[PDB]
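Okay, here we've got a single chain as structure tokens, the form deposited in one PDB entry, with questions on binding and movement later.
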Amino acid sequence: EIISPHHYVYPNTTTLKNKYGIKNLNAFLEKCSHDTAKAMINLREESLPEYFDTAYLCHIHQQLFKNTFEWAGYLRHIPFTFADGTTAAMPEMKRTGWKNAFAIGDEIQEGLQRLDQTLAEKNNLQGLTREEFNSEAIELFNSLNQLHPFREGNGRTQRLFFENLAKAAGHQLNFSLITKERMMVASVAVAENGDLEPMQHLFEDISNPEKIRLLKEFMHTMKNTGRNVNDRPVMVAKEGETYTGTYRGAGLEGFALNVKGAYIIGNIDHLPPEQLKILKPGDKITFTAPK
């Protein structure tokens, strides 16, 4: 057909059409990675907007991908004619039938107008306590996650939309402290079971100053190690829960565990004073977060 999803990609390849003219998937992904990283640095310096609507969501995407994709600012239900003449649009997405699916066609527009409508009615979530703000933000975040409004680049732009919404509303949501894996599990939990607990946990860790300082400390230790924790879920221990694993070493404010490929982080003062004395790296330890 004239308007086809196949028109997003170079023929015979799996690699999206790009402003660089690169057809090798790996080469393209490296160039994109480099360019979008520069865009973030500048985007994080621009002033906050007055309105947080989809126009702003689009501005972000447009600014991030201006040098990579011709359709940078564009939502995926709106037919887009490339410079080369072909016209593309992906209303569907097509998961496997058994997977939970994103919104189709005009649902994208219904959903997004709704998101704009609620943020306007609630003055961008502005006069609220942290629990009030986090509760409202989680609905909107989950909501926007199921719309998957752009063909690609949803994650980064969604993350920066909310980091900025929070900042404007007098709160924090440092998404840079969340790995790609943790976001994946939290999103999957909500889309499959309707389970909010992982996300609540995620936002809690990202907004509570007492837990943000714990993560900042840990993420620092990764700097110049050669490693990449993006593969690995990094969390602050939930209050009440019990974690068991192997000791990864302490700091001033907090320590780290390894529980089946995941880093759990705890306040140093929650350890029994007498354990801390004789506890070396690699020691098996059970820990329970207090009230």
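Rigid core (definition): largest C-alpha set, two forms, superposition within 1.5 Å. In this text, residue numbers run from 1 along the sequence as written.
We do not show the form deposited in another entry, though everything after this point is about it.
Problem set entry | C-alpha displacement of 2 Å or more between the shown form and the other one on the rigid core, among 124, 207, 145, 179 | One residue passes the 2 Å cut-off, namely 179.
Problem set entry | Displaced residue check between the shown form and the other one: residue 21, CA, 2 Å or over, core reference | Shift of 2 Å or more: no.
For this session: Once the core is aligned, please say if the CA of residue 167 is shifted by at least 2 angstroms between the shown form and the other one.
Result: Shift at residue 167: below 2 Å after core fit.
Exercise. Quick one: once the rigid core is lined up, does residue 114 have its C-alpha move by 2 Å or more between the shown form and the other one?
Worked result: Moves: no, less than 2 Å.
Problem set entry | CA-CA separation of residue 25 and residue 98, closer or farther in the other entry than in the form shown [shift of 3 angstroms or more] | Result: closer.
For this session: Once you account for a change of 3 Å or more, let me know if residue 98 and residue 148 sit closer or farther in the other entry, using their C-alpha atoms.
Result: Compared with the form shown here, the C-alpha atoms of residue 98 and residue 148 sit closer together in the other entry, by 3 Å or more.
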